[PDB]
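Enquirer:
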Amino acid sequence: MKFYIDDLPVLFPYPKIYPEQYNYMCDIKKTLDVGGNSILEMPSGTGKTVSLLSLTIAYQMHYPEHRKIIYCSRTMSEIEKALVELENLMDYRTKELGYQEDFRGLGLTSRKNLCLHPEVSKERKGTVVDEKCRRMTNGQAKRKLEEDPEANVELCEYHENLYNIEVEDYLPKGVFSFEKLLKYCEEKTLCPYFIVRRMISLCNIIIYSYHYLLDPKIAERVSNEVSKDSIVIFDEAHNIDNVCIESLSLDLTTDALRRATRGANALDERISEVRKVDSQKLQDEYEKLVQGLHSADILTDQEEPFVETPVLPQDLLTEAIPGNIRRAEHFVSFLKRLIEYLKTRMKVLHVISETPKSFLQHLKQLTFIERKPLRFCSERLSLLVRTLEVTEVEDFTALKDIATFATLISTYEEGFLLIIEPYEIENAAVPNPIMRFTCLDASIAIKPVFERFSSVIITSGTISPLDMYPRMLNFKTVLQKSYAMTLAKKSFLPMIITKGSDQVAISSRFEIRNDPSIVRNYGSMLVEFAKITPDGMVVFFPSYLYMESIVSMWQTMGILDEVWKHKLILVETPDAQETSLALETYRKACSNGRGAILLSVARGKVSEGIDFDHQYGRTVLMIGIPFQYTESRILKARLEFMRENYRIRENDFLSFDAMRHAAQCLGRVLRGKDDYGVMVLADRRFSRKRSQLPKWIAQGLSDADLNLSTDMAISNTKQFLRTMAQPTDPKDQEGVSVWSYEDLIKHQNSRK
Amino acid sequence: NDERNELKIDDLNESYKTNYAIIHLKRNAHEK
Amino acid sequence: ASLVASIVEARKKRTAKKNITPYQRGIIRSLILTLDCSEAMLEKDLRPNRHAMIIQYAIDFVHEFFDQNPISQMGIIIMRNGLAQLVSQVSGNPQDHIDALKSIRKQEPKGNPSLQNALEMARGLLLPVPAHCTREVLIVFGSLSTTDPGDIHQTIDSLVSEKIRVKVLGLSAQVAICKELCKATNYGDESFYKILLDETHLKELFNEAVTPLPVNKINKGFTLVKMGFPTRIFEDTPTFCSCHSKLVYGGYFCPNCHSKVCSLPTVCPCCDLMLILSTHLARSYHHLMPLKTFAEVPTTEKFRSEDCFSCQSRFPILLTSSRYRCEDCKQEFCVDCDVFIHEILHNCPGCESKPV
Ligand code: SF4
Ligand SMILES: [Zn+2]
Ligand SMILES: [Zn+2]
Ligand SMILES: [Zn+2]
Ligand SMILES: [Zn+2]
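Residue numbers (the entry's author numbering), protein chains in the order written: chain 0, 1 to 752; chain 1, 413 to 444; chain 6, 96 to 413, 422 to 459.
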């Protein structure tokens, strides 16, 4: 349809529109017009991405500011889905306006997911792919070939072919998803990664993940190209704190330090050989360093620093090199003694938690390393590695971790902690000491975003309660609200099971993980629900270890044998490729009617973007509250920091963290309003967490289902499925849950 | 294409319309 | 307000009956009745068991189907041990199918069902059917899972290519493959996949399956079929029948080869000519000229007569007028008659009585 807001015409790509979608678009427009940030919670069963794209695109194409759009999701599959939705919307707009309006919309990702080189795309890790692509595109090979054609160094045809054409003619006008972009770039022998990286500054809407906006290692270069007045959308942003925390966290192991020593020795030998044969490079680098130049002024735009900036751009010192690490040999000795200090600190016999200030003071006492020279470690190492002609950097890969740790610890002092644990795994014959540098404040990484961008939309399907997010991340919202879906008939049945058919309490507490009664009760619940579930059944476990142990117990008891008769069994595995193939097999089994059951981890890879709708997702078994590991030093320190700073109780934060993932898994069942499912939360502890669930799930959770039994839940599930299998009366949803153009006009007239 | 079809929201599309053919039977037959 | 509630419920029920149009329907049908006999059919949700109730309703369905579709044919397949077992070849004799069901009712159901196997067997059975007939497959599915040796999607595509139409009646919940089959095989229509709610609704669904399905506008198979009307013969001595090679007192004489046949309607065993009676064709005229619905008269206006035109019965006197009228002739009818004229008879007495 094509309807009108107060002054903004918006073209919806469907003849029908939901009242929730209309209200959501109105609220988003109000937020954009008034300026500031907002928090929106939309039900998972109502089109959210389509409404967001429609309203934002109409806003940008109608108003004269023509503000660009930045879309930030949590996963690459979500980027693909958003790009597909954008392509559909643009197709509708092109069919309605009579012409293809000037528009360019691209996604952005790493080299591993966009490489077409037959010899570089066959790697199992992205770091190696990046290193090889740098070897083929840094310009060293091109310069060597220019000076001497006989040089055996080879180039990348995809990268070379781009120089022939201009940036504005890289791709035709339109929206390019990853699949279409790969097909086009394969047909024309071009590099999609470089196409996107060079067209970000020109696209109307750019779609990427939260890492490309929060992680300073890859965020600075991309952010330097986007506009300052663009709209910012955070889709599925309920789990943004974890990303913000992991952005500025490092872990060092004994193997890492042992490899760093070897890397330092190799660097010293390389410096010696280059000193013997070609020293003018060292002299030139030293001369440039003396004036006060940095990596920005030394490195060309074509090349990149060896060590990614681990701190935010605003926290980098703008002064010249201190002088202690101005020379190659002096810097090498400094780095070597830093590594030795780390090694001698890795010998503690009990957990030690210390602040960066204390660590720096002890360093300055035992050795003579000052804070300022430490702050420049990564930058100096990047310049040195660039100038030493180190085409093979396998030996030097280790020094990156040391540089990152040094530049972080010497940079930040508040909201950061250093934990040294003699036992990385308590269940180990020999000690394996580990040093973790952890960020406790989740607002440090996101402050620059909230200050640089004026209007920020934070939208999600299971972001509740909305009051904590402004508390946890220091930002203020003009409005924060959640929508209640105006269902004509109940389509999803949420229930909580606190005990088994034997009336014995059931829980997923780790200390009682290996309990015959609880394990057998869970297995009986699984079998009974699988017997009645038509096509698909997703089970989410609190942790992978718990899933493994309980599955082994079920295998011994023979419950899996009973499940096999009715459905195939697919299990999530650590290997990402194997998990993806398992997902494909599960979808095929659900489509062909064979019936399948998928076991996964509530905090795993499936729950962070894979969506089960219609035939794929019918019943969701949340086996226990996905509580984090309480006996974790990092989590305990974060809880203490939050209690002291934001006045958030440890129990409250833990319950919020678990309920957030439970709701995340729950919300992957509905796409439209014609989809239905049964959502069983199997734990005695959910009975008091109804107020903590999202509003649209709490409203559907009845008081009689707060504490049920397995048999009674099976009966309710059978009745609910039988009821939902009947044809819906069109009049029951003609104008109460689905609105036509006339109904929308009537709503606008009544409201006005 | 296939991804678009899978990702599209069917519930918001136009309702399916039957395409059954109607017939009008005229009655005019001669006597035996 | 309870009586008014009943009246408004009656009005809502009549609301659906209001919309009636002379849709084109294929009278000549070839039906394949597939029944599910698997471990999932041993449940007690239907008393005494799913197998018993389904078989009984299948027998009643066969009787009704051959009562109201004399010139159609039926075949029976069952699903047992993951294999499709044929128990009745396609034929026009209701007694053979009834006896086949009476034989089936004894064996206990076991194993898993195989929709792909059943569909392949149905396709093989419907291959030798004329292009002017409507090929239909009615499946009574009870399981929530399907075990098949091959690709079900390929079978669905083959069915669509063969222009077969599939109706599925479920027991517990919707199956994704069943929905896809019933939708893709019916030109996108999603109303041919029904899940029952109780025994009465199952009976209603089985009765609904009896009537012929309307044909699609783009699917044209118009043609003339050569059929003959034989003359009954009364003989003094038994004679050998050309169909069963058994002695019978008398039989219908084919008008094309003079061979005698025991019962009608059946394809002649000699000249391969269909033998039918005029009544067999007459049984389907109401499917081509449906009687227009009757709308109740508001109490505001004045009634014509105090007694029913068709049955001469006093109209009950009390809020809501208990009168139904025919727009074609404008004759008041009582509630009891309306259902009889729209369920048993197919002609309006007032319209017939009115001269022109
Ligand atoms: S330039 Fe592109 S195609 Fe070539 S190696 Fe790098 S990422 Fe791969
Ligand atoms: Zn005979
Ligand atoms: Zn004959
Ligand atoms: Zn009449
Ligand atoms: Zn009467």
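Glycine included, every Cβ here is placed at the ideal spot set by N, Cα and C.
Any heavy atom of ligand 3 inside 7 Å of the beta-carbon of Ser354 (chain 6)?
Expert: Residue numbering aside, residue 354 (chain 6) sits at position 259 when the third sequence is read from its first letter. Correct: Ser354 (chain 6) has its Cβ closer than 7 Å to ligand 3.
Enquirer: Going by DSSP, what residue range makes up the beta strand (DSSP E) through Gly170 (chain 6)?
Expert: In the third sequence, residue 170 (chain 6) corresponds to position 75, counting from 1. Where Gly170 (chain 6) is concerned, the enclosing beta strand (DSSP E) stretches over 168-175.
Enquirer: Flag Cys338 (chain 6) as yes when its Cβ comes closer than 7 Å to any non-hydrogen atom of ligand 3, and as no otherwise.
Expert: What you label residue 338 (chain 6) is simply residue 243 of the third sequence in a count that begins at 1. It does not: the Cβ of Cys338 (chain 6) is nowhere closer than 7 Å to a heavy atom of ligand 3.
Enquirer: Can you give the Cα-Cα distance for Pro448 (chain 0) and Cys72 (chain 0), rounded to whole angstroms?
Expert: As a first step, residue 448 (chain 0) must be located in the first sequence, where it is residue number 448. As a first step, residue 72 (chain 0) must be located in the first sequence, where it is residue number 72. So the two alpha carbons sit approximately 15 Å from each other.
Enquirer: Quick check for students: name the residue ranges of the alpha helix (DSSP H) that lie wholly in the stretch 315-377 of chain 6, counting only runs of 4 or more.
Expert: Within the stretch 315-377 of chain 6, the complete alpha helix (DSSP H) runs of at least 4 residues are 373-377.
Enquirer: I'd like to know whether the C-beta atoms of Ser209 (chain 6) and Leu178 (chain 6) end up nearer to each other than 8 Å.
Expert: Walking along the third sequence from the start, residue 209 (chain 6) turns up at place 114. Walking along the third sequence from the start, residue 178 (chain 6) turns up at place 83. Taking 8 Å as the Cβ cut-off, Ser209 (chain 6) and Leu178 (chain 6) qualify as a contacting pair.
Enquirer: Could you name each continuous beta strand (DSSP E) segment of 3 residues or more that falls completely within the stretch 495-551 of chain 0, going from the start of the chain to the end?
Expert: 536-541, all fully within the stretch 495-551 of chain 0.
Enquirer: Residues of chain 0 with CB closer than 8 Å to the CB of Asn425 (chain 1), please, in chain order.
Expert: One-based indexing of the second sequence puts residue 425 (chain 1) at position 13. Going along chain 0 in sequence order, the residues near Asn425 (chain 1) (Cβ under 8 Å) are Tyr14, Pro15, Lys16.
Enquirer: Taking the alpha carbon of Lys718 (chain 0) as the point to measure from, which residue in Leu292 (chain 6), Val343 (chain 6), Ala111 (chain 6) has its own alpha carbon closest?
Expert: Position 718 of the first sequence, counted from the start, is the residue given in the question as residue 718 (chain 0). Cα-wise, what sits closest to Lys718 (chain 0) is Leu292 (chain 6).
Enquirer: Please look up how many angstroms separate the CB atoms of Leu141 (chain 6) and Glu299 (chain 6), rounded, as I've assumed it's under 8 Å.
Expert: As a position in the third sequence, residue 141 (chain 6) is number 46, starting the count at 1. As a position in the third sequence, residue 299 (chain 6) is number 204, starting the count at 1. Contact doesn't hold; Cβ gap of about 15 Å is too wide.
Enquirer: Less than 7 Å between C-beta atoms, sequence neighbours within five positions excluded: which residues of the same chain meet that for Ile371 (chain 6)?
Expert: Sequence index remark: in the third sequence, residue 371 (chain 6) carries index 276 (1-based). The answer, listed in chain order, is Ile166, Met322, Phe324, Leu359, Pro360.
Enquirer: Could you please give the first and the last residue of the uninterrupted beta strand (DSSP E) stretch that includes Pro9 (chain 0)?
Expert: As a first step, residue 9 (chain 0) is located in the first sequence; it is residue number 9 there, counting from the start. Looking at the DSSP string, the run of the beta strand (DSSP E) that includes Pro9 (chain 0) is 9-11.
Enquirer: If contacts are defined as beta-carbon pairs under 8 Å, then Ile245 (chain 0) and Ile70 (chain 0) qualify, I think. What distance do you get, rounded to the angstrom?
Expert: As a first step, residue 245 (chain 0) must be located in the first sequence, where it is residue number 245. As a first step, residue 70 (chain 0) must be located in the first sequence, where it is residue number 70. About 22 Å separates the two Cβ atoms, so there is no contact after all.
Enquirer: Kindly identify the DSSP beta-bridge partner or partners of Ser209 (chain 0).
Expert: The residue labelled residue 209 (chain 0) in the question sits at position 209 within the first sequence. Answer is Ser73 (chain 0), bridged to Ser209 (chain 0).
Enquirer: Could you compute how far the alpha carbon of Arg175 (chain 6) sits from the alpha carbon of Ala217 (chain 6)?
Expert: The sequence position of residue 175 (chain 6) within the third sequence is 80, counting from 1. The sequence position of residue 217 (chain 6) within the third sequence is 122, counting from 1. Approximately 15 Å, taken between the alpha carbons.
Enquirer: Quick check: is any heavy atom of ligand 1 less than 7 Å from the C-beta of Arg111 (chain 0)?
Expert: As a first step, residue 111 (chain 0) is located in the first sequence; it is residue number 111 there, counting from the start. Result yes, Cβ under 7 Å from ligand 1.
Enquirer: DSSP beta-bridge partners for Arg260 (chain 6)?
Expert: Indexing the third sequence from 1 puts residue 260 (chain 6) at position 165. DSSP lists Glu231 (chain 6) as partners of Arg260 (chain 6).
Enquirer: According to DSSP, is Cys439 (chain 0) part of a helix, a strand, or is it coil?
Expert: Counted from its first residue, the first sequence places residue 439 (chain 0) at position 439. In this structure, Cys439 (chain 0) counts as strand in the three-state DSSP scheme.
Enquirer: Taking the alpha-carbon positions, what's the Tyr59 (chain 0) to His66 (chain 0) distance?
Expert: Residue 59 (chain 0) sits at position 59 when you count from the first residue of the first sequence. Residue 66 (chain 0) sits at position 66 when you count from the first residue of the first sequence. Roughly 8 Å between the two C-alpha positions.
Enquirer: Give the straight-line distance between the Cα atoms of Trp696 (chain 0) and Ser460 (chain 0), rounded to the nearest whole angstrom.
Expert: Here the question's residue 696 (chain 0) lines up with position 696 in the first sequence. Here the question's residue 460 (chain 0) lines up with position 460 in the first sequence. In a straight line, the C-alpha of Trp696 (chain 0) is about 12 Å away from that of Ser460 (chain 0).
Enquirer: Within 10 angstroms of its Cβ, does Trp739 (chain 0) collect 16 or more other Cβ (buried), or is it exposed?
Expert: Translated into the one-based positions of the first sequence, residue 739 (chain 0) becomes position 739. Classification for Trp739 (chain 0): buried.
Enquirer: Which same chain residues end up closer than 6 Å to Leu383 (chain 6) when comparing Cβ atoms and leaving out the 5 residues on each side of it in sequence?
Expert: Counting from one through the third sequence, the residue named residue 383 (chain 6) turns up at place 288. Nothing meets the Cβ criterion.
Enquirer: May I ask you to check if the CB of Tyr193 (chain 0) is nearer than 7 Å to at least one heavy atom of ligand 1?
Expert: The residue labelled residue 193 (chain 0) in the question sits at position 193 within the first sequence. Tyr193 (chain 0) Cβ: within cutoff of ligand 1.
Enquirer: I want to verify the contact list: residues of chain 0 whose CB lies under 7 Å from the CB of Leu419 (chain 1), in sequence order.
Expert: Residue 419 (chain 1) sits at position 7 when you count from the first residue of the second sequence. Those are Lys81, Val84, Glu85, listed as they occur along chain 0.
Enquirer: Let me see if you follow: with CB-CB separation under 8 Å, is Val270 (chain 6) close to chain 0 or not?
Expert: On the third sequence, position 175 is the one that residue 270 (chain 6) refers to. Interface residue, yes.
Enquirer: With distance defined between alpha-carbon atoms, name the residue in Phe510 (chain 0), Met525 (chain 0), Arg513 (chain 0) nearest to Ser501 (chain 0).
Expert: Position 501 of the first sequence, counted from the first residue, corresponds to residue 501 (chain 0). The candidate whose alpha carbon is nearest that of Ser501 (chain 0) is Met525 (chain 0).
Enquirer: Would you say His436 (chain 1) faces chain 6, with C-beta separation under 8 Å as the test?
Expert: As a working mapping, residue 436 (chain 1) is identified with position 24 in the second sequence. Chain 6 contact via Cβ: present.
Enquirer: Please report the distance separating the alpha-carbon of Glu418 (chain 1) from that of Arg74 (chain 0).
Expert: For the purposes of this step, residue 418 (chain 1) is taken as the residue at position 6 of the second sequence. For the purposes of this step, residue 74 (chain 0) is taken as the residue at position 74 of the first sequence. Their backbone Cα atoms lie some 21 Å apart in a straight line.
Enquirer: Whose CA, out of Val348 (chain 0), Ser464 (chain 0), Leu53 (chain 0), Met557 (chain 0), lies closest to the CA of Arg690 (chain 0)?
Expert: In the first sequence, residue 690 (chain 0) corresponds to position 690, counting from 1. Nearest C-alpha to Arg690 (chain 0): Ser464 (chain 0).
Enquirer: Is there a Cβ of chain 0 sitting closer than 8 Å to that of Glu443 (chain 1), yes or no?
Expert: For the purposes of this step, residue 443 (chain 1) is taken as residue 31 along the second sequence, with counting starting at 1. Taking Cβ atoms only, chain 0 never reaches closer than 8 Å to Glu443 (chain 1), which makes this a no.
Enquirer: Nearest by alpha-carbon distance to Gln283 (chain 0): which of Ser508 (chain 0), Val222 (chain 0), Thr387 (chain 0) is it?
Expert: Taking the first sequence and counting its residues from 1, the one referred to as residue 283 (chain 0) is at position 283. Answer by Cα proximity: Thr387 (chain 0).
Enquirer: Find the residues of chain 0 that neighbour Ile247 (chain 6), judging by a C-beta separation of less than 7 Å, and give them in chain order.
Expert: Translated into the one-based positions of the third sequence, residue 247 (chain 6) becomes position 152. The answer, in chain order, is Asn592, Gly593.
Enquirer: Among residues of its own chain, excluding the 5 on either side of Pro494 (chain 0), which ones have a beta-carbon nearer than 6 Å to its beta-carbon?
Expert: Looking up residue 494 (chain 0) in the first sequence gives position 494. Answer for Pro494 (chain 0): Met679, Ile697, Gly700, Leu701, listed in chain order.
Enquirer: Let me check understanding here. Comparing Cα to Cα, which of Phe404 (chain 6), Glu391 (chain 6), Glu396 (chain 6), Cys451 (chain 6) lies closest to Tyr427 (chain 6)?
Expert: Here residue 427 (chain 6) corresponds to residue number 324 of the third sequence, with the count starting at 1. Cα-wise, what sits closest to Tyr427 (chain 6) is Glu391 (chain 6).
Enquirer: The beta strand (DSSP E) with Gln184 (chain 6) in it runs from where to where?
Expert: Here residue 184 (chain 6) refers to the residue found at position 89 of the third sequence. Here the beta strand (DSSP E) through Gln184 (chain 6) covers 178-186.
Enquirer: How about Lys281 (chain 0) and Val274 (chain 0): are their beta carbons less than 8 Å apart?
Expert: The residue you call residue 281 (chain 0) lines up with position 281 of the first sequence. The residue you call residue 274 (chain 0) lines up with position 274 of the first sequence. Contact flag set, yes.
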